[PDB]
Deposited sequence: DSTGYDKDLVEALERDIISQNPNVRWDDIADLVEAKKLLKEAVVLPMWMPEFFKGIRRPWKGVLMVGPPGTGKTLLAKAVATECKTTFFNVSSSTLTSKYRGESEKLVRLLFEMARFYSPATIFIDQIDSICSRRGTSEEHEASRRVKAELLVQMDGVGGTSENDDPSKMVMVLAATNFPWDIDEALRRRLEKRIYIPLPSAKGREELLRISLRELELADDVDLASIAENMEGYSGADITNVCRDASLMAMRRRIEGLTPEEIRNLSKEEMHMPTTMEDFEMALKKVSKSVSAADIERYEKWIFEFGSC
C-alpha cells in the first residue's frame, strides 16, 4: 500500500526543538546531530559525512521519539515516524518489500530522516521479521535514526550498521526540578532527593502530592505543599531500577560512543 503510507508515517508534522525540559540530553543529541554543521557536509564535501546510522539507547520516559522529530525539524528534513513493530504487524503479505520502497521514498524527498522506534523488537511470524531485517540491511542525502529501550536485545547484525550510538538518560537534578515546576504551575530539596525518577514518575507524584494530600486534610477536618510532597514521594517508585540504569551504562561502555 503506497497511498496509506503517506498519512500515518510520512507526516505527523514536527516543528519544535527545545521542549519538556530534558536540557542535558537535548544538548547531547544536538552535538551529534550537528544540524548547523550537518547540512553543510551533506552539501558538498565527502570523506567527512553524517553518521551511517545513529542509535539512541537509554531508559524509557525520555521520549526519544520526540527527540527524533526534534532533530528532523531543525535540519529541515522530511520526517519518517516508522515503528519497528508496525511493519511486522500491519502488513503480513509480502508488502514488507515496502521497507525498501520506503527507503526509495526517502531518497525521493531530498532531505529525509527515517526514524525507527523499537528497533530491539525485531528478531524477538518469524519469517516476516527475518525478511524485514534483511531489507533494512541492504538499504543501509538522508538520515537514519533508531531507538531502543532494550539495546541488549538488538542483534549484532543491525548493531554494526549503526555508526553512532548515544545514551539518552533520565532527567538529572536540574531537569527533574523543572519537571516539578511544569507539573505544578520548595522544589529544590525534592529534586536532589533521589535520582532515577523519570518525567512521568514526576508528573504523577506531583498530582498525588498536589491534592491527594492537600484536599484530603481540608475535606478532612472542618467547614463552619512541601510536607505532602515527601509524604507522597515514597508512595511511588521509579520504574527504572538502579541495576537497570546500571545496565544501560554498561551497554553504552561496551558498544556506545556515549
Counting from 1 along the deposited sequence, the ranges with no C-alpha atoms are 1 to 9, 134 to 139, 156 to 169, 215 to 222, 262 to 275
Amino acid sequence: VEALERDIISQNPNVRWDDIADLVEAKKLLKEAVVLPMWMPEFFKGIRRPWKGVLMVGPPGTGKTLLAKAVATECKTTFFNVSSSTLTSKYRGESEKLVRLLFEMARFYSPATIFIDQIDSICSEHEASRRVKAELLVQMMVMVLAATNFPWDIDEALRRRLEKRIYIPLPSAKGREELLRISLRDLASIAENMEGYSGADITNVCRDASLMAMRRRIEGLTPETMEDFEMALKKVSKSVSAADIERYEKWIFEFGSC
From here on, numbers count along this sequence of modelled residues.
Per the PDB entry, mean CA B-factor is higher for 176 to 184 or 88 to 96, namely for 88 to 96
The stretch carrying the higher mean Cα B factor in the deposited entry, 188 to 196 or 23 to 31, is 188 to 196
Per the deposited entry, the peak Cα B-factor within the set 139, 148, 129, 81 goes to 129
For 221, 67, 233, 202, the deposited C-alpha B-factor is largest at 221
Residue 254: C-alpha B-factor third of its chain, per the entry, is the lowest
Of the three thirds of the chain ranked by Cα temperature factor, residue 117 occupies the lowest
On the chain's distribution of Cα B-factors, residue 54 falls within the third called lowest
Chain-relative C-alpha B factor for residue 124 (record values, thirds): the highest
Chain thirds by Cα B factor, record data; residue 10 belongs to the lowest
